[PDB]
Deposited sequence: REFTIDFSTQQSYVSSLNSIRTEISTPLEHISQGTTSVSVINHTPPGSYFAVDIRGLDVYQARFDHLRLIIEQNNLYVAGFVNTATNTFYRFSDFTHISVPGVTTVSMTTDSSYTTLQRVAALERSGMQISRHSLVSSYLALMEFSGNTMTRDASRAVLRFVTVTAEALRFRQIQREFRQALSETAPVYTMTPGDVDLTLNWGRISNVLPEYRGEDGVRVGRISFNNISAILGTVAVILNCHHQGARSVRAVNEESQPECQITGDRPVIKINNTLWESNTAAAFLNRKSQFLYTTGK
C-alpha cells in the first residue's frame, strides 16, 4: 500500500497521518473518542511494508516530489528511503528482510538505530530543530545521497523525516507539536526530551495501554498519563502486543491505587533491601 504525507498545511499533514492510521490500525475499545483513538497496528506478516510519498514540502507545489519512505508495517520502522527519480531504494542494514519490487535496492552498511544515526549525523534528537526549511534541506540531501554508507547529511535528513512521519504516526503529541512548523509563520519545532522519551518508550507503552480500563492514571517508566485526554493527546498508534512488547517477565501491569503501572517499573523500585544494610554493606 502507498500513502502520501502532504506537508503543505497543518490540515493536509494531520489529514495524511489520520488516513494512514485508519488504514493500518484498529482503535482500542477503551481509548477511543469519535475517530480519535489509540489504535493497535493490524497484524501483517513479517516483512510487510507500506510506502509513504513525501509531498507538499513547497506548499501545494508539485516539486520536491521524489522522496518515498519504506515503512515496515508491524513496527512503523523506516526501513530506508527511495529516490523515485533514480528508482533507487537505500535500505538500512537491519532491514535486509524488506523486499521492494521494481526498484534497485542498495543495501547499506549503516543500521537504522537512533544511536547510529545520531552518531553519523553528529546531531542529537533532544534539541533537534525541524522546520519546513530543514525538511526541504533534508529532502535535497536524500536525493543527492548515493552509495552504501550513510553520510552525515543523509543521516540528519533521516532523523528529521523519521520524526515527522513514523514518530508522529505513533505519537499525537509529536504530530501536534511539529505541525506548528507548517504554518505560514514557519516557526521551528524543537524536539523535546519528553518527545524523545516517548519514542524510546513506545514498546513499553504498547504493552501497557491494551490493559487500560479507565484507571485514574498510567505509569510506564518515565511516562505518566493522568486521564484519557492526556493519553489521547499523546499516543495515537501502538504495537500489536512483537519483541518490543516485552522486556522481561510476563505481567504487563499492576493496578496500584487506581493507577495502571507497568509491572517492571514497580518491580524496579521494589527490589531494594533494607537501606541501612545496603549502605553499610560496602
Ranges of the deposited sequence (numbered from 1) for which no C-alpha atom is modelled: 242-256
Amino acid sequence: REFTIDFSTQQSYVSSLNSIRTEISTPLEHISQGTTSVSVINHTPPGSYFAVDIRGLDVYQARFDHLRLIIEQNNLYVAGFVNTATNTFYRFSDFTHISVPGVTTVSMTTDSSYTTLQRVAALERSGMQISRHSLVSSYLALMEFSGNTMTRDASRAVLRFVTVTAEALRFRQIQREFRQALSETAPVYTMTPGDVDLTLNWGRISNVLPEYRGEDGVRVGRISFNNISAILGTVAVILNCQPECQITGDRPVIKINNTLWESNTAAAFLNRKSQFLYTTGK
From here on, numbers count along this sequence of modelled residues.
185-193 versus 207-215 - which carries the larger mean C-alpha B factor in the record: 185-193
Selected stretch [higher average CA B-factor]: 27-35 or 41-49: 41-49
C-alpha B-factor winner, where the candidates are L200, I174, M150, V78: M150
Residue selected from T165, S155, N74, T115 by maximal Cα B factor: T115
Ranked against its chain, the third holding the CA B-factor of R68: lowest
Chain-relative CA temperature factor third for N227: highest
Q246 CA temperature factor, ranked by third within the chain: highest
For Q61, the third of its chain into which the C-alpha B factor falls: middle
Assigned third (lowest, middle, highest) for the C-alpha B factor of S93: lowest
